[PDB]
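One structure is given below, encoded as structure tokens.
Heads up, the Cβs are rebuilt from the backbone with ideal geometry, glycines too, and the neighbour counts pull from every protein chain shown. Each value in this text was obtained by applying a stated rule to the coordinates, not by laboratory testing.
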Amino acid sequence: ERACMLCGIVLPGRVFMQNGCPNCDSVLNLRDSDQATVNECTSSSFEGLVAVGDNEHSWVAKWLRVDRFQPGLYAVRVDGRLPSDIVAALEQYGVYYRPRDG
Amino acid sequence: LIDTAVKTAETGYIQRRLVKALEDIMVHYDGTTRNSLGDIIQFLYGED
Amino acid sequence: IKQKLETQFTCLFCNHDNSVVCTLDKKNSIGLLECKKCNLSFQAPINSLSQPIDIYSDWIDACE
Amino acid sequence: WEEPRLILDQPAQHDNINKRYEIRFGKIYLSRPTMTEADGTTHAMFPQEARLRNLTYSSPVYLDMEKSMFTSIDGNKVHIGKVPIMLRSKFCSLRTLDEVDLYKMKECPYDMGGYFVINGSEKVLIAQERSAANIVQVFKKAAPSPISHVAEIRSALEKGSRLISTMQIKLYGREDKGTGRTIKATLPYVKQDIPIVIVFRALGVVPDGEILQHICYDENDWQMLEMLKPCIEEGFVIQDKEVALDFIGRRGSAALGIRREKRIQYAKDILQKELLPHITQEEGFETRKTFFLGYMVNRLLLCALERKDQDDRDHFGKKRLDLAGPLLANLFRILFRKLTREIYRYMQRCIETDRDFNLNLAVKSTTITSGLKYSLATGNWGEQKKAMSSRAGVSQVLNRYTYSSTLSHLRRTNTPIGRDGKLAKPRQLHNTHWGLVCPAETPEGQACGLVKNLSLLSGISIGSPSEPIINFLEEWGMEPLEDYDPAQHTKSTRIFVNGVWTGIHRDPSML
Amino acid sequence: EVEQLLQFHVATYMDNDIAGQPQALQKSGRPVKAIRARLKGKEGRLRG
Amino acid sequence: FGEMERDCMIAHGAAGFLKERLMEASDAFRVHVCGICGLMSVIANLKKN
Amino acid sequence: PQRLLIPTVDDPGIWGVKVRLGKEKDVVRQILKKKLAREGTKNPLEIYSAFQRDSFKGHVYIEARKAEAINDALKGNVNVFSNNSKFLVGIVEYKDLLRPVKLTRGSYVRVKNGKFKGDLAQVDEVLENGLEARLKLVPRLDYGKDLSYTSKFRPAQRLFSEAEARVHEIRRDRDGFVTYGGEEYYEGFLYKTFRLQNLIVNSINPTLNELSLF
DNA sequence: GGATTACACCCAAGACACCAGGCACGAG
RNA sequence: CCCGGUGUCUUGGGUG
DNA sequence: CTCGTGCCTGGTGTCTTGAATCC
Ligand SMILES: [Zn+2]
Ligand SMILES: [Zn+2]
Ligand SMILES: [Zn+2]
């Protein structure tokens, strides 16, 4: 299992390779990446497992800034940060990265 | 055989409590019989 | 003599646990549940064998 | 086959596809004892080698397991461990051989077996004395108690003879003290004693006149009726089945908020199962339990009316000896559930990977093998983590000081009452021991009178199915329990088979 | 939960026969030999 | 030398013998105490005196 | 701003629940499966979220509006203690449940794994991906003396001596830098990469011996 | 609820499970 | 070149 | 040459529920 460093979702790593990040596949394009890319945008190290069942009405989800995302498992703390080159590319897309590492 | 084996511990307990009750009782040089607190138990041992 | 007993039952309305008090009057066969919080009161008949779990059971069926 | 199938279930949404995972245990096969070296080579193990290399003389056990995969949008033999083999039994490699070969295997023809070899040490199982199951015993109670007489029975099934539950019926009220002299019972998994009349109603027989027709079979005697008088009036206000069952469901006090719509249906299980499970556990047979309950109350009052002595707890006919067979089954039962749980906990992780399990990997033979070895080596009868609240000394190192001592040691019996409490009953040589245990052979000291030894011609019953006996009784004229009325049957004899009031005959002398 | 557990360990360190609650156990499963149990009984410091 | 042995020497009045048995002939030990507080809290270096 | 996301009386309640130690993540998982499976049915599981904090052993937190939903979420869960032990959290304590939380170059850390477990090391370099680093540590070597390692059967710490290696058993790379048995030693120190998760950065207490050396 | 079941000696047989991490071996 | 010691906790059977 | 997979070792660790009578 790895945690996305952009949305915090927790999925089996191969999922990040097979389908990309459900919440941020569009800007992150992990589906069409190599393993080095997936491992730079997702972390094997994370803490605080959160079942979010109702993203739009959960206060827990709002605090973790996952209220606009899909129901699923999320992490309170994701270790590592997105590589500066990917942060720069996301910013070109109007996406603002707020690190989830504390 | 059961009686001898059982009642030996009954009397063994009896002797233990008796000894602890009485162990500190001594005849002193004035003839009185006293315990370790100096309480008089008999003014003259065995009354004789 | 009346029996005033505290219980570990949850009030069916305010949901505070360990706040339901049971007063069992056997001389008149009248049992009384009381909250200590919202203080909702509920009366039900009791026999001689009843206990705080008997009237609290009758309170669950009186709601449903 | 006591719990023959494991079942899982999982609703998946992403097209709901119920996928029950099921595993079925089949035939058992046994192999002769085998030594497997670190090499990997195998050979038949004989006793002497095990004695010389501190091995365990044990047989590998293999169990058929069957997989099946229900799916609804709405194989190879596995090894469970090793079981120690009793020497000279049918599964020991010495049972054959004959006289010519025994000397070559360094075995002595005077050695009669009956023991196990665990880490090179010879361990013998000591027969464990216990009280019989499925029998009613009545005892009197001491003066500073509101109870004066108690009837007691320990529930036990026939299939495998394992304990289930224990039940009591207490008669309150002392001599001219206790006022209303009523009778309440004790039920498994219920808090405080419930009056008898209430449980009669709770089984489907509310009619008072019917209740007394089930207990007392002599309307003529006032005494066998005046003592049941307060029991009727203290349970009068419970006038139908539903409010009776409800009260029992409230007594348990488990999961506050069960409700009537269901608190009845929870108590109906506590009445159908657990309460007297030796009679039956299938539905729609509550007539047998109601009739049996009346018998108990009848026996209780006969002792309270001084028309029958209280039972003698030391009467040997009320006793049983657990030997190697029954003792191993109880231990094997506990360990096989432990193995079962480890399989179940392992499937919930190995199926989230959605990968076909290899089966053997999900069977850790160390659970049974270490379990049996540890208990036979130490005598601690239970799971290793629970050395407390168990029984010690069931297995002992076989005394080989002299030949006579070996014979005595293999025929020893033990009563597990305990050193504490001298007592003037157990240790004593009761009259009914005649011809069954030795009147002379008993240890000096703390065990004196509690450890006994079987007389020379004694034997122990191996066990027999009760089903052929029932067929013989009905063929000869036994009449069912639905046809029985104390007014019509004021003189016939009751018939019990393993403690069950099955049928009553009118002419017992020919039968 | 943390503070009560410190109270627990300091209690069973001195007396592990507290009535009404389970005994502290070693990994081996047998109860811990507290200081109170060191002094009482036939084999303890005083009688033994 | 059990509890019952102890009692026999008391009955004989052999107080001197009983002292020696339980000290010199067993586990005799020397301790230092503080004359003020009475505790065995003294730190005693005997070569430095 | 995070300060605009604080909880209010209008937000769902949060209950804590005691669970079997080590089974907190499993319970959170199980709750999610139950929630998703019942979505849109006539009996939805009326919880919003559930979570478990590592720092809070044996306790799952569950977000809902009614206590009955908490009982519903846990019903049949074999990892949950059957006693009715569910406790209420105050709104003012919600944020403190979801708090997320150095290793600069030239600083000292303690190694947590391998033959160097427990040893003090300087954090000379950090891996780009961020996954690892490079530590400067006093070696524990034998110069191949008994060749034809564990932390319990390791050798005493001592600076690498290249002339000893030359004599007894070696590749020069640079000034003062040798590769010896496929490890790098510069000016007597091993430089070796360790996972950041294998090094302790907090509350490190230098020993007597370390004060004597460094 | 706790309190206890006389004193001394000798013999033999047993002692901690579960999961994450690295290292070594085999295959493509 | 003097000095030099190794086990703890339980179970089962005995002896008197 | 590089990745998949089994074995050894150390830090950590708890729970499905299931003998009697004196003060
Ligand atoms: Zn994402
Ligand atoms: Zn209320
Ligand atoms: Zn002082």
Query raised in the report: Does C:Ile1 satisfy being under 20 Å from D:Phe247 (Cα atoms) and either among the β-branched types (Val, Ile, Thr) or within 16 Å of ligand 3 (Cβ to nearest atom) (or both)?
Result: no
**Report entry** Subset of the range D:426-443 that is within 16 Å of DNA strand H (Cβ to nearest atom) and within 12 Å of B:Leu1 (Cβ to Cβ) - its residue that is nearest to the other protein chains (Cβ to nearest Cβ)
**Finding:** D:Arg427
Query raised in the report: Can you tell me which residue in the range A:1-19 is farthest from the chain's Cα centre (by Cα), limited to those that are buried (at least 22 other Cβ atoms within 10 Å of the Cβ) and away from DNA strand H (no atom under 16 Å from the Cβ)?
Result: A:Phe16
Query - Failed criterion for B:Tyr29 (all others in (1) under 19 Å from F:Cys8 (Cα atoms); (2) away from chain D (no Cβ under 14 Å); (3) not hydrophobic (A, V, I, L, M, F, W, C) hold) - result: (1)
Requested in this report: Working only within the range G:159-182, note down all residues that are part of a loop (DSSP other than H, G, I, E, B) and hydroxyl-bearing (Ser, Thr, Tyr).
Outcome: G:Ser161
Report task. Answer yes if at least one residue in the range D:481-491 is within 21 Å of D:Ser155 (Cα to Cα) and of a type in the set (S, T, N, Q), and no otherwise. Result -> no
Query raised in the report: Hey, among the residues in the range B:2-25 that are aliphatic (A, V, I, L, M) and surrounded by fewer than 13 Cβ atoms within 10 Å (Cβ to Cβ), which one's farthest from F:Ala11 (Cα to Cα)?
Result: B:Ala9
Report task. Would you list the helices (runs of 4 or more DSSP H) that sit entirely within the range A:3-99 and hold 2 or more residues that are of a type in the set (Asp, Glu) and away from ligand 1 (no atom under 14 Å from the Cβ)? Result -> A:84-92
Report task. Could you grab the pairs with beta carbons closer than 8 Å, sequence gap of 6+ or different chains, first residue in the range D:48-64 and in a loop (DSSP other than H, G, I, E, B), second one among the charged types (D, E, K, R) and surrounded by 16 or more Cβ atoms within 10 Å (Cβ to Cβ)? Result -> D:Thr56/D:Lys82; D:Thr56/D:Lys373
Requested in this report: Scan D:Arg419, D:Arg391, D:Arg355, D:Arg411 and give me the residue that is of a type in the set (D, E, K, R) and within 13 Å of DNA strand H (Cβ to nearest atom).
Outcome: D:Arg419
Report summary line: Restricting the range G:46-68 to residues that are of a type in the set (A, V, I, L, M) and buried (at least 20 other Cβ atoms within 10 Å of the Cβ), the one nearest to RNA strand I (Cβ to nearest atom) turns out to be G:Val60
Query raised in the report: Which ones in the range G:183-197 are surrounded by fewer than 16 Cβ atoms within 10 Å (Cβ to Cβ), in contact with a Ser or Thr (Cβ under 8 Å, 6 or more places away or on another chain) and either among the charged types (D, E, K, R) or not in a loop (DSSP other than H, G, I, E, B) (or both)?
Result: G:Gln197
Report task. Could you please tell me which pairs satisfy a Cβ distance under 9 Å, a separation of 6+ or placement on different chains, a first residue in the range C:8-28 that is within 12 Å of chain G (Cβ to nearest Cβ) and in a strand (DSSP E or B), and a second residue that is away from DNA strand H (no atom under 16 Å from the Cβ) and among the aliphatic types (A, V, I, L, M)? Result -> C:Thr10/C:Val20; C:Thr10/D:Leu256; C:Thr10/G:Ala67; C:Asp17/G:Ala67
Query raised in the report: Which is assigned to a strand (DSSP E or B) and either more than 10 Å from every other protein chain (Cβ to nearest Cβ) or not hydroxyl-bearing (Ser, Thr, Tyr) (or both), of B:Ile41, B:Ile14?
Result: B:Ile41
Report summary line: Here the residues within the range D:342-389 that are surrounded by 14 or more Cβ atoms within 10 Å (Cβ to Cβ) and in a loop (DSSP other than H, G, I, E, B) are D:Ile351, D:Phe357, D:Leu359, D:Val363, D:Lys364, D:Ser365, D:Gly379, D:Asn380, D:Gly382, D:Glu383, D:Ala387
Report summary line: Note on A:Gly72: of the conditions (1) within 11 Å of chain G (Cβ to nearest Cβ); (2) loosely packed, with under 15 Cβ neighbours inside 10 Å; (3) under 30 Å from G:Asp10 (Cβ atoms); (4) not hydroxyl-bearing (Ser, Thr, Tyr), unmet is (2)
Query raised in the report: Among (1) under 12 Å from the mean Cα position of the chain (by Cα); (2) away from DNA strand J (no atom under 16 Å from the Cβ), where does B:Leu44 come up short?
Result: (1)
Report summary line: Among (1) more than 9 Å from every other protein chain (Cβ to nearest Cβ); (2) buried (at least 18 other Cβ atoms within 10 Å of the Cβ); (3) among the hydroxyl-bearing types (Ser, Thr, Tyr), G:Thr41 falls short only on (2)
Report task. Kindly establish whether G:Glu128 is out of contact with any strand residue (DSSP E or B) (no Cβ under 9 Å at 6 or more places or on another chain), within 14 Å of chain A (Cβ to nearest Cβ) and exposed (fewer than 14 other Cβ atoms within 10 Å of the Cβ). Result -> yes
Query raised in the report: Tell me, which residue of the range D:212-262 that is touching a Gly at 6+ places or on another chain (Cβ under 8 Å) and β-branched (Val, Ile, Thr) is nearest to C:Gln51 (Cα to Cα)?
Result: D:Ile258
Query raised in the report: Among the strands (runs of 3 or more DSSP E) contained in the range D:450-511, which hold 3 or more residues that are closer than 30 Å to D:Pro416 by Cα and not acidic (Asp, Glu)?
Result: D:451-453
